[PDB]
file query20.cif (mmCIF, C-alpha atoms and all ligand atoms)
data_data
loop_
_atom_site.label_atom_id
_atom_site.label_comp_id
_atom_site.auth_asym_id
_atom_site.auth_seq_id
_atom_site.Cartn_x
_atom_site.Cartn_y
_atom_site.Cartn_z
CA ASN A 16 0.00 0.00 0.00
CA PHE A 17 3.04 2.23 0.47
CA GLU A 18 3.74 5.05 -1.91
CA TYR A 19 6.63 7.46 -2.08
CA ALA A 20 4.52 10.15 -3.78
CA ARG A 21 2.73 10.97 -0.53
CA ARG A 22 6.04 12.19 0.91
CA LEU A 23 6.14 14.91 -1.75
CA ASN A 24 3.22 16.73 -0.13
CA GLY A 25 4.35 20.28 0.65
CA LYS A 26 7.34 20.13 -1.71
CA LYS A 27 7.79 22.18 -4.85
CA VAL A 28 8.69 19.79 -7.63
CA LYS A 29 9.03 19.47 -11.40
CA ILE A 30 6.37 17.23 -12.89
CA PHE A 31 7.44 15.78 -16.24
CA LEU A 32 4.17 15.02 -18.02
CA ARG A 33 3.73 12.34 -20.65
CA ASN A 34 3.29 14.87 -23.49
CA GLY A 35 6.49 16.78 -22.81
CA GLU A 36 5.15 19.62 -20.67
CA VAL A 37 6.88 20.31 -17.35
CA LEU A 38 5.00 21.75 -14.38
CA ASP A 39 6.82 23.74 -11.67
CA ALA A 40 4.39 22.62 -9.02
CA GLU A 41 3.80 23.02 -5.31
CA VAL A 42 2.21 19.76 -4.14
CA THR A 43 -0.85 20.41 -1.98
CA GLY A 44 -2.34 16.91 -1.81
CA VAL A 45 -1.73 13.32 -2.91
CA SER A 46 -4.28 10.52 -3.37
CA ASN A 47 -3.87 7.04 -4.80
CA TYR A 48 -4.29 8.27 -8.36
CA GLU A 49 -4.01 12.08 -8.22
CA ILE A 50 -1.57 14.80 -7.27
CA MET A 51 -3.01 18.21 -6.40
CA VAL A 52 -0.75 21.12 -7.20
CA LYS A 53 -0.44 24.86 -7.30
CA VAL A 54 1.33 26.20 -10.39
CA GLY A 55 1.64 29.92 -9.85
CA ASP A 56 -1.92 31.14 -9.33
CA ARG A 57 -3.42 28.02 -10.93
CA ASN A 58 -4.76 25.03 -9.05
CA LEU A 59 -4.50 21.72 -10.92
CA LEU A 60 -5.58 18.15 -10.39
CA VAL A 61 -2.89 16.06 -12.08
CA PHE A 62 -3.51 12.39 -12.78
CA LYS A 63 -0.53 10.21 -11.88
CA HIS A 64 -1.08 8.18 -15.08
CA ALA A 65 -0.17 11.34 -17.02
CA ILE A 66 3.15 11.75 -15.21
CA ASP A 67 6.38 10.16 -16.39
CA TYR A 68 8.56 11.26 -13.48
CA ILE A 69 8.91 13.91 -10.80
CA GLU A 70 12.10 15.75 -9.87
CA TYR A 71 12.23 16.92 -6.25
CA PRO B 15 -7.09 3.46 -0.31
CA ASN B 16 -10.24 4.97 -1.83
CA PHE B 17 -10.29 8.76 -1.46
CA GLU B 18 -10.27 10.89 -4.58
CA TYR B 19 -10.13 14.62 -5.13
CA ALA B 20 -11.93 14.48 -8.47
CA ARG B 21 -15.30 13.85 -6.78
CA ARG B 22 -15.12 17.38 -5.36
CA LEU B 23 -15.13 18.78 -8.90
CA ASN B 24 -18.80 17.90 -9.34
CA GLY B 25 -20.82 20.98 -10.29
CA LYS B 26 -17.75 23.08 -11.05
CA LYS B 27 -16.42 24.96 -14.06
CA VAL B 28 -13.11 23.42 -15.13
CA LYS B 29 -10.56 23.25 -17.89
CA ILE B 30 -9.78 19.64 -18.87
CA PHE B 31 -6.46 19.00 -20.61
CA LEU B 32 -6.74 15.76 -22.60
CA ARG B 33 -3.96 13.42 -23.62
CA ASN B 34 -4.58 14.25 -27.31
CA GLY B 35 -3.89 17.96 -26.74
CA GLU B 36 -7.53 19.00 -26.74
CA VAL B 37 -8.72 21.34 -24.01
CA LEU B 38 -12.34 21.16 -22.81
CA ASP B 39 -13.93 24.24 -21.28
CA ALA B 40 -16.42 22.31 -19.22
CA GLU B 41 -18.91 22.15 -16.41
CA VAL B 42 -18.72 18.91 -14.43
CA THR B 43 -22.08 17.15 -14.12
CA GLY B 44 -20.96 13.91 -12.46
CA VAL B 45 -17.92 11.95 -11.33
CA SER B 46 -17.42 8.19 -10.98
CA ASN B 47 -14.31 6.16 -10.18
CA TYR B 48 -13.21 6.15 -13.81
CA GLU B 49 -15.27 8.83 -15.59
CA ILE B 50 -16.04 12.53 -15.48
CA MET B 51 -19.33 13.68 -17.04
CA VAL B 52 -19.30 17.19 -18.48
CA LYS B 53 -21.26 19.78 -20.39
CA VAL B 54 -19.22 21.62 -23.02
CA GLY B 55 -21.44 24.31 -24.47
CA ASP B 56 -24.45 22.42 -25.81
CA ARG B 57 -22.64 19.06 -25.88
CA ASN B 58 -22.80 16.32 -23.28
CA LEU B 59 -19.66 14.21 -22.90
CA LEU B 60 -18.52 11.21 -20.92
CA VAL B 61 -14.78 11.70 -20.41
CA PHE B 62 -12.62 8.79 -19.29
CA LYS B 63 -10.17 9.81 -16.56
CA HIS B 64 -7.43 7.77 -18.29
CA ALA B 65 -7.68 10.25 -21.20
CA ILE B 66 -7.13 13.29 -18.97
CA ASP B 67 -3.69 14.67 -18.16
CA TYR B 68 -4.77 17.39 -15.73
CA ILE B 69 -7.67 19.61 -14.76
CA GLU B 70 -7.56 23.31 -13.92
CA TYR B 71 -10.28 24.29 -11.46
CA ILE C 14 -21.00 2.35 -4.50
CA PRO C 15 -18.89 -0.45 -6.08
CA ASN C 16 -18.83 -0.56 -9.86
CA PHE C 17 -21.09 2.41 -10.49
CA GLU C 18 -20.40 3.73 -13.96
CA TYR C 19 -22.02 6.21 -16.27
CA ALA C 20 -21.00 4.38 -19.45
CA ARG C 21 -23.57 1.62 -19.12
CA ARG C 22 -26.26 4.33 -19.04
CA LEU C 23 -25.40 4.83 -22.72
CA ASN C 24 -26.64 1.29 -23.45
CA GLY C 25 -29.05 1.29 -26.38
CA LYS C 26 -28.19 4.87 -27.32
CA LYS C 27 -26.70 6.49 -30.42
CA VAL C 28 -23.35 8.04 -29.51
CA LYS C 29 -20.14 9.42 -30.96
CA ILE C 30 -17.05 7.62 -29.64
CA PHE C 31 -13.81 9.59 -29.83
CA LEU C 32 -10.95 7.09 -29.87
CA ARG C 33 -7.35 7.67 -28.78
CA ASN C 34 -6.26 7.04 -32.38
CA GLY C 35 -8.20 10.06 -33.67
CA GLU C 36 -11.06 8.04 -35.17
CA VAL C 37 -14.66 8.92 -34.36
CA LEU C 38 -17.21 6.09 -34.33
CA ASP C 39 -20.82 6.91 -35.11
CA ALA C 40 -22.18 4.12 -32.97
CA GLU C 41 -25.12 2.38 -31.38
CA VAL C 42 -24.21 0.89 -28.00
CA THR C 43 -25.36 -2.72 -27.56
CA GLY C 44 -23.46 -3.74 -24.43
CA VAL C 45 -21.20 -2.39 -21.70
CA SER C 46 -18.92 -4.43 -19.46
CA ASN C 47 -16.35 -3.26 -16.92
CA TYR C 48 -13.72 -2.84 -19.61
CA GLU C 49 -15.50 -3.07 -22.99
CA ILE C 50 -18.21 -1.34 -24.99
CA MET C 51 -20.00 -3.29 -27.72
CA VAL C 52 -21.23 -1.20 -30.64
CA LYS C 53 -22.78 -1.33 -34.07
CA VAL C 54 -21.21 1.09 -36.53
CA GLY C 55 -23.22 0.95 -39.72
CA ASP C 56 -23.11 -2.70 -40.75
CA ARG C 57 -20.06 -3.41 -38.58
CA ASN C 58 -19.96 -5.05 -35.16
CA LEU C 59 -17.15 -3.83 -32.88
CA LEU C 60 -15.83 -4.64 -29.44
CA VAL C 61 -14.25 -1.38 -28.22
CA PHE C 62 -11.95 -1.34 -25.21
CA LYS C 63 -12.71 1.50 -22.83
CA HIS C 64 -8.97 2.17 -22.45
CA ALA C 65 -8.89 3.17 -26.14
CA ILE C 66 -11.67 5.75 -25.71
CA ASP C 67 -10.98 9.40 -24.89
CA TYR C 68 -14.60 10.55 -24.59
CA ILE C 69 -18.13 9.81 -25.78
CA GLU C 70 -20.64 12.41 -26.96
CA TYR C 71 -24.26 11.48 -26.34
CA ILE D 14 -15.86 -7.15 -10.96
CA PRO D 15 -18.03 -10.09 -12.10
CA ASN D 16 -16.57 -12.88 -14.22
CA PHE D 17 -17.77 -11.67 -17.65
CA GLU D 18 -15.93 -10.50 -20.78
CA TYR D 19 -17.38 -9.94 -24.25
CA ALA D 20 -13.96 -10.87 -25.65
CA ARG D 21 -14.62 -14.50 -24.61
CA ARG D 22 -17.43 -14.61 -27.17
CA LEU D 23 -14.81 -14.31 -29.89
CA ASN D 24 -12.90 -17.47 -29.04
CA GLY D 25 -12.43 -19.62 -32.14
CA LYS D 26 -13.60 -16.80 -34.42
CA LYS D 27 -12.04 -14.88 -37.30
CA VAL D 28 -11.70 -11.20 -36.36
CA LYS D 29 -9.92 -7.99 -37.27
CA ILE D 30 -7.86 -6.64 -34.37
CA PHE D 31 -7.15 -2.91 -34.61
CA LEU D 32 -4.00 -2.25 -32.57
CA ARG D 33 -2.90 1.00 -30.95
CA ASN D 34 0.18 0.97 -33.23
CA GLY D 35 -2.06 1.27 -36.29
CA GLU D 36 -1.68 -2.34 -37.42
CA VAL D 37 -4.75 -4.41 -38.23
CA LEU D 38 -4.42 -8.14 -37.52
CA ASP D 39 -6.43 -10.57 -39.63
CA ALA D 40 -6.65 -13.11 -36.86
CA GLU D 41 -8.19 -16.31 -35.64
CA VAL D 42 -8.72 -16.19 -31.88
CA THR D 43 -7.35 -19.29 -30.16
CA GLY D 44 -7.66 -18.22 -26.52
CA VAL D 45 -8.82 -15.38 -24.26
CA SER D 46 -7.47 -14.66 -20.78
CA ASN D 47 -8.20 -11.72 -18.49
CA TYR D 48 -5.46 -9.59 -20.04
CA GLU D 49 -4.45 -11.34 -23.27
CA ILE D 50 -5.85 -12.63 -26.53
CA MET D 51 -4.07 -15.54 -28.18
CA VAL D 52 -4.30 -15.48 -31.99
CA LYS D 53 -3.13 -17.11 -35.18
CA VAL D 54 -2.19 -14.67 -37.94
CA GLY D 55 -1.24 -16.74 -40.96
CA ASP D 56 1.46 -19.15 -39.77
CA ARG D 57 2.28 -16.98 -36.76
CA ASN D 58 1.15 -17.47 -33.17
CA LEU D 59 0.83 -14.22 -31.24
CA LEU D 60 0.07 -13.30 -27.67
CA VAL D 61 -1.72 -9.94 -27.91
CA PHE D 62 -2.13 -7.79 -24.82
CA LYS D 63 -5.61 -6.37 -24.54
CA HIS D 64 -4.18 -3.00 -23.43
CA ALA D 65 -2.63 -2.72 -26.92
CA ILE D 66 -5.97 -3.26 -28.69
CA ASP D 67 -8.21 -0.35 -29.63
CA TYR D 68 -11.12 -2.39 -30.98
CA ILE D 69 -12.01 -5.68 -32.63
CA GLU D 70 -14.29 -6.15 -35.62
CA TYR D 71 -16.07 -9.48 -35.65
CA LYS E 12 -6.33 -22.42 -8.26
CA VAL E 13 -6.58 -24.28 -11.57
CA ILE E 14 -7.79 -21.50 -13.88
CA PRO E 15 -6.76 -22.24 -17.49
CA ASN E 16 -7.75 -18.86 -18.94
CA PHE E 17 -6.04 -16.59 -16.40
CA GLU E 18 -2.53 -15.83 -17.75
CA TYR E 19 -0.83 -17.15 -20.89
CA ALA E 20 2.36 -15.12 -20.56
CA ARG E 21 3.73 -17.36 -17.78
CA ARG E 22 3.96 -20.21 -20.32
CA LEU E 23 6.53 -18.19 -22.26
CA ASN E 24 9.12 -18.71 -19.55
CA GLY E 25 12.26 -20.25 -21.03
CA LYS E 26 11.21 -19.61 -24.63
CA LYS E 27 12.61 -17.70 -27.59
CA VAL E 28 10.21 -14.92 -28.56
CA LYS E 29 9.92 -11.71 -30.53
CA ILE E 30 8.52 -8.88 -28.41
CA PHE E 31 6.85 -5.97 -30.20
CA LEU E 32 6.94 -2.92 -27.94
CA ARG E 33 4.54 0.04 -27.98
CA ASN E 34 7.04 2.46 -29.50
CA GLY E 35 7.89 0.18 -32.43
CA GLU E 36 10.97 -1.43 -30.96
CA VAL E 37 11.32 -5.18 -31.47
CA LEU E 38 13.22 -7.46 -29.05
CA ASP E 39 14.64 -10.79 -30.20
CA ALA E 40 14.55 -12.30 -26.77
CA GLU E 41 14.76 -15.32 -24.54
CA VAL E 42 12.34 -15.21 -21.60
CA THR E 43 14.02 -15.82 -18.25
CA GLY E 44 11.15 -14.97 -15.91
CA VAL E 45 7.51 -13.83 -15.81
CA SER E 46 5.65 -12.02 -13.04
CA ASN E 47 2.17 -10.48 -12.98
CA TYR E 48 3.40 -7.26 -14.55
CA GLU E 49 6.91 -7.97 -15.88
CA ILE E 50 8.73 -10.19 -18.34
CA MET E 51 12.45 -10.77 -17.77
CA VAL E 52 14.48 -11.39 -20.90
CA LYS E 53 17.91 -11.82 -22.39
CA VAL E 54 18.52 -9.88 -25.60
CA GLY E 55 21.98 -10.57 -26.95
CA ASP E 56 24.35 -9.94 -24.04
CA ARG E 57 21.85 -7.68 -22.25
CA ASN E 58 19.47 -8.46 -19.40
CA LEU E 59 16.20 -6.54 -19.44
CA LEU E 60 13.15 -6.19 -17.25
CA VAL E 61 10.27 -5.46 -19.65
CA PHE E 62 6.96 -4.13 -18.35
CA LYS E 63 3.99 -5.90 -19.87
CA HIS E 64 2.17 -2.55 -20.25
CA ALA E 65 4.86 -1.57 -22.78
CA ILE E 66 4.30 -4.68 -24.92
CA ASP E 67 1.84 -4.75 -27.80
CA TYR E 68 2.21 -8.44 -28.74
CA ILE E 69 4.64 -11.34 -28.59
CA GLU E 70 5.39 -13.78 -31.41
CA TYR E 71 6.37 -17.22 -30.09
CA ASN F 16 2.52 -9.93 -5.29
CA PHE F 17 6.01 -10.91 -6.45
CA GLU F 18 7.93 -8.47 -8.58
CA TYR F 19 11.37 -8.52 -10.12
CA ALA F 20 11.77 -4.74 -9.97
CA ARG F 21 12.27 -4.83 -6.19
CA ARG F 22 15.47 -6.82 -6.79
CA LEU F 23 16.92 -3.83 -8.64
CA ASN F 24 17.12 -1.77 -5.44
CA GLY F 25 20.71 -0.59 -5.01
CA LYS F 26 21.63 -1.31 -8.63
CA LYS F 27 22.61 1.20 -11.28
CA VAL F 28 20.46 0.61 -14.33
CA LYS F 29 19.32 2.15 -17.58
CA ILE F 30 15.63 3.04 -17.47
CA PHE F 31 14.07 3.34 -20.94
CA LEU F 32 10.96 5.50 -20.65
CA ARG F 33 7.90 5.51 -22.91
CA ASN F 34 8.89 8.96 -24.27
CA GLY F 35 12.18 7.62 -25.62
CA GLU F 36 14.29 9.00 -22.76
CA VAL F 37 16.94 6.93 -21.02
CA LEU F 38 17.84 7.48 -17.37
CA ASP F 39 21.23 6.37 -16.07
CA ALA F 40 19.80 5.66 -12.66
CA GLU F 41 20.84 4.37 -9.27
CA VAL F 42 17.76 2.75 -7.74
CA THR F 43 17.18 3.89 -4.16
CA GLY F 44 13.70 2.50 -3.58
CA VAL F 45 10.92 0.49 -5.18
CA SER F 46 7.18 0.48 -4.40
CA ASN F 47 4.29 -1.23 -6.17
CA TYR F 48 3.98 1.58 -8.68
CA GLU F 49 7.11 3.74 -8.35
CA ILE F 50 10.88 3.52 -8.65
CA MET F 51 12.98 6.10 -6.77
CA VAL F 52 16.27 6.94 -8.43
CA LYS F 53 19.33 9.14 -8.33
CA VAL F 54 20.41 10.40 -11.76
CA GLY F 55 23.63 12.32 -11.36
CA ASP F 56 22.77 14.79 -8.62
CA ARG F 57 19.03 14.73 -9.37
CA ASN F 58 16.46 12.85 -7.29
CA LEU F 59 13.52 11.45 -9.26
CA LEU F 60 10.33 9.55 -8.56
CA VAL F 61 9.69 7.49 -11.68
CA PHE F 62 6.28 5.94 -12.29
CA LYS F 63 6.50 2.34 -13.46
CA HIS F 64 3.69 2.99 -15.98
CA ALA F 65 6.06 5.37 -17.78
CA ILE F 66 8.82 2.75 -18.09
CA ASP F 67 9.10 0.50 -21.13
CA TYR F 68 12.05 -1.60 -19.97
CA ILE F 69 15.09 -1.52 -17.72
CA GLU F 70 18.59 -2.73 -18.64
CA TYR F 71 20.54 -3.98 -15.61
CL CL G 101 4.47 4.81 -26.70
NA NA G 102 -9.80 10.43 -9.70
NA NA G 103 -20.67 -5.40 -31.01
NA NA G 104 -1.85 -2.75 -18.96
NA NA G 105 6.88 3.92 -25.74
NA NA G 106 14.49 9.53 -5.46
#

call {"tool": "encode", "arguments": {"input": "query20.cif", "output": "structure tokens"}}
result
Amino acid sequence: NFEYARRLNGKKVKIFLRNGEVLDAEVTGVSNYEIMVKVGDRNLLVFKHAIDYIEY
Amino acid sequence: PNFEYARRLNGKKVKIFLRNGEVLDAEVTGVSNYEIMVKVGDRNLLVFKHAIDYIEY
Amino acid sequence: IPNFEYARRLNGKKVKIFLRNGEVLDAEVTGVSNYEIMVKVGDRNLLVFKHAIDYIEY
Amino acid sequence: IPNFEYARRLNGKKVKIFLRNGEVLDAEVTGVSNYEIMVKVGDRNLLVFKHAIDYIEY
Amino acid sequence: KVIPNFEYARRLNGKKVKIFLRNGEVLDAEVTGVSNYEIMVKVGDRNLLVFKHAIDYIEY
Amino acid sequence: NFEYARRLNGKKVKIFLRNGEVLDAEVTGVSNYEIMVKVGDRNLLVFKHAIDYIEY
């Protein structure tokens, strides 16, 4: 049941999305399948399936 | 092992960024484990979550 | 509510299925399982995997 | 998830498998598991993963 | 526990196969192990762990 | 339950991602769905769904 992604809550990370976009993202919440982020003044729900990797 | 944030989007205006590069300016009309129902203008869509990259809300 | 899904509510309806490959199916839905949607497209019978669908207009 | 798949109805049948890579397999189905479809394409035996299939015409 | 139509990939263990990957790469491989989600192979001198989700089909 | 990827913990491997990228990666942790790696001085969380294969 363990996941490392939960430990990224509160960090500001780079999310490398599957299409080539990169989000500079403050992580505000993590669920089994989603990562909630703030990107500047935007709030996003990011699906983990759309992420390739995260630099932190 | 069950909680999801997407359920809280029900009833809200959102921007859905799809894996194909399309962007939907939508109102959410329902959310299930694997689907998000939306209105886009006059159109009614069932959107599979697997086809979504992210949602601005 | 285990296994609630909106897709099976499209059973018996005329829909437009937008596939991940860019194709759009003008379809009549004849069955919906957990992972598949059965459709008629003109004279053709198709088994469509839900994972290959982006969205459905109805 | 109940024990039902429409893909099982295609066992032993001639079908066209439309793959996510754009290929279309003219296939005879020789087995169906939860995640795979076993086929004969000409003289070739293939194990096809369902996740790689967009739809099947039958 | 005896479910014939559960997983065919496990029967590939120890066999020569051609693996067609989702990006168009093709592996001329020998299977050295199979798990629920992975296939272990030798390709030439190289040892690879291949995720099944990255495989389109396998010729055997 | 069993997975081979867990046995790569502590190894330096080449991770071939679905976008065509290769990571020269030291594996520092493995969960059901993630592989934690060091790539040079960068720390990454890599999702297994984004990996095609790993050379080890
Ligand atoms: Cl790909
Ligand atoms: Na969700
Ligand atoms: Na059908
Ligand atoms: Na899969
Ligand atoms: Na790929
Ligand atoms: Na790491």

call {"tool": "closest_residue", "arguments": {"input": "query20.cif", "among": "C:33, C:22, C:27, C:53", "to": "ligand NA 103 (chain G)", "atoms": "only C-alpha atoms and all ligand atoms"}}
result
C:53

call {"tool": "closest_residue", "arguments": {"input": "query20.cif", "among": "D:24, D:55, D:34, D:41", "to": "ligand CL 101 (chain G)", "atoms": "all atoms listed in the file"}}
result
D:34

call {"tool": "residues_near_ligand", "arguments": {"input": "query20.cif", "ligand": "ligand NA 102 (chain G)", "cutoff": "8 Å", "atoms": "only C-alpha atoms and all ligand atoms", "output": "list in words"}}
result
residues 48, 49 and 62 of chain A; 18, 19, 20, 21, 47, 48 and 63 of chain B

call {"tool": "residues_near_ligand", "arguments": {"input": "query20.cif", "ligand": "ligand CL 101 (chain G)", "cutoff": "9 Å", "atoms": "only C-alpha atoms and all ligand atoms", "output": "count of residues only"}}
result
11

call {"tool": "calpha_fit_and_write", "arguments": {"input": "query20.cif", "fixed": "chain F", "moving": "chain A", "output": "CSV table (one decimal) with C-alpha atoms, in the coordinates of the input"}}
result
chain,number,residue,atom,x,y,z
A,16,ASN,CA,2.4,-10.3,-5.2
A,17,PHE,CA,6.0,-11.0,-6.4
A,18,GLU,CA,7.9,-8.4,-8.4
A,19,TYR,CA,11.3,-8.6,-10.0
A,20,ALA,CA,11.7,-4.8,-9.8
A,21,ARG,CA,12.3,-4.8,-6.1
A,22,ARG,CA,15.5,-6.8,-6.7
A,23,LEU,CA,16.9,-3.8,-8.6
A,24,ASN,CA,17.2,-1.8,-5.4
A,25,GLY,CA,20.8,-0.6,-5.1
A,26,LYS,CA,21.6,-1.3,-8.7
A,27,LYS,CA,22.6,1.3,-11.3
A,28,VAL,CA,20.4,0.7,-14.4
A,29,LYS,CA,19.2,2.2,-17.6
A,30,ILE,CA,15.5,3.1,-17.6
A,31,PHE,CA,14.0,3.2,-21.0
A,32,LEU,CA,11.1,5.6,-20.7
A,33,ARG,CA,8.0,5.5,-22.8
A,34,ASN,CA,8.9,8.8,-24.6
A,35,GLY,CA,12.3,7.7,-25.7
A,36,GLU,CA,14.4,9.2,-22.9
A,37,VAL,CA,16.9,7.0,-21.1
A,38,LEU,CA,17.8,7.5,-17.5
A,39,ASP,CA,21.2,6.3,-16.1
A,40,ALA,CA,19.8,5.7,-12.7
A,41,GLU,CA,20.8,4.4,-9.3
A,42,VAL,CA,17.8,2.8,-7.8
A,43,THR,CA,17.2,3.9,-4.2
A,44,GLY,CA,13.7,2.5,-3.6
A,45,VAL,CA,10.9,0.5,-5.2
A,46,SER,CA,7.2,0.5,-4.4
A,47,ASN,CA,4.3,-1.2,-6.2
A,48,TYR,CA,4.0,1.6,-8.7
A,49,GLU,CA,7.1,3.8,-8.3
A,50,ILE,CA,10.9,3.5,-8.7
A,51,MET,CA,13.0,6.1,-6.8
A,52,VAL,CA,16.3,6.9,-8.4
A,53,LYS,CA,19.3,9.1,-8.3
A,54,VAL,CA,20.4,10.4,-11.7
A,55,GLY,CA,23.6,12.3,-11.0
A,56,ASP,CA,22.8,14.9,-8.5
A,57,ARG,CA,19.0,14.7,-9.2
A,58,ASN,CA,16.5,12.7,-7.2
A,59,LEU,CA,13.5,11.4,-9.2
A,60,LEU,CA,10.3,9.6,-8.6
A,61,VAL,CA,9.7,7.5,-11.7
A,62,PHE,CA,6.3,5.9,-12.3
A,63,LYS,CA,6.5,2.3,-13.5
A,64,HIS,CA,3.7,3.0,-16.0
A,65,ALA,CA,6.1,5.4,-17.8
A,66,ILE,CA,8.8,2.8,-18.2
A,67,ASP,CA,9.0,0.5,-21.1
A,68,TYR,CA,12.0,-1.6,-19.9
A,69,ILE,CA,15.0,-1.5,-17.7
A,70,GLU,CA,18.5,-2.8,-18.6
A,71,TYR,CA,20.5,-3.9,-15.6

call {"tool": "interface_residues", "arguments": {"input": "query20.cif", "of": "chain E", "to": "chain D", "cutoff": "7 Å", "atoms": "only C-alpha atoms", "output": "list in words"}}
result
residues 16, 17, 18, 33, 67, 68, 69, 70 and 71 of chain E

call {"tool": "interface_residues", "arguments": {"input": "query20.cif", "of": "chain A", "to": "chain B", "cutoff": "6 Å", "atoms": "only C-alpha atoms", "output": "short mmCIF file (atom, residue, chain, number, x, y, z; two decimals) with C-alpha atoms, keeping the file's coordinate frame"}}
result
data_model
loop_
_atom_site.label_atom_id
_atom_site.label_comp_id
_atom_site.auth_asym_id
_atom_site.auth_seq_id
_atom_site.Cartn_x
_atom_site.Cartn_y
_atom_site.Cartn_z
CA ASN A 58 -4.76 25.03 -9.05
CA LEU A 59 -4.50 21.72 -10.92
CA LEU A 60 -5.58 18.15 -10.39
CA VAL A 61 -2.89 16.06 -12.08
CA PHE A 62 -3.51 12.39 -12.78
CA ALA A 65 -0.17 11.34 -17.02
#

call {"tool": "residues_around", "arguments": {"input": "query20.cif", "residues": "residue 19 in chain A", "least_positions_apart": "6", "cutoff": "9 Å", "atoms": "all atoms listed in the file", "output": "MDAnalysis selection string"}}
result
chainID F and resid 44:46 49:51 60

call {"tool": "atom_distance", "arguments": {"input": "query20.cif", "atom1": "CA of residue 54 in chain B", "atom2": "CA of residue 19 in chain C"}}
result
17.1 Å

call {"tool": "atom_distance", "arguments": {"input": "query20.cif", "atom1": "CA of residue 41 in chain B", "atom2": "CA of residue 36 in chain A"}}
result
24.6 Å

call {"tool": "interface_residues", "arguments": {"input": "query20.cif", "of": "chain E", "to": "chain F", "cutoff": "7 Å", "atoms": "all atoms listed in the file", "output": "PyMOL selection string"}}
result
chain E and resi 46+57-62+65

call {"tool": "interface_residues", "arguments": {"input": "query20.cif", "of": "chain B", "to": "chain C", "cutoff": "7 Å", "atoms": "all atoms listed in the file", "output": "list in words"}}
result
residues 46, 58, 59, 60, 61, 62 and 65 of chain B

call {"tool": "atom_distance", "arguments": {"input": "query20.cif", "atom1": "CA of residue 55 in chain E", "atom2": "CA of residue 25 in chain E"}}
result
14.9 Å

call {"tool": "closest_residue", "arguments": {"input": "query20.cif", "among": "A:38, A:43, A:56, A:21", "to": "chain F", "atoms": "only C-alpha atoms"}}
result
A:21

call {"tool": "closest_residue", "arguments": {"input": "query20.cif", "among": "E:52, E:36, E:22, E:14", "to": "ligand NA 105 (chain G)", "atoms": "only C-alpha atoms and all ligand atoms"}}
result
E:36

call {"tool": "closest_residue", "arguments": {"input": "query20.cif", "among": "E:53, E:27, E:48, E:15", "to": "ligand NA 104 (chain G)", "atoms": "all atoms listed in the file"}}
result
E:48

call {"tool": "axis_aligned_box", "arguments": {"input": "query20.cif", "around": "range 23-32 of chain D", "padding_each_side": "5 Å", "output": "AutoDock Vina command-line options"}}
result
--center_x -9.4 --center_y -10.9 --center_z -33.2 --size_x 20.8 --size_y 27.4 --size_z 18.3

call {"tool": "residues_around", "arguments": {"input": "query20.cif", "residues": "residue 55 in chain A", "least_positions_apart": "3", "cutoff": "9 Å", "atoms": "only C-alpha atoms", "output": "VMD selection string"}}
result
chain A and resid 39 to 41 58
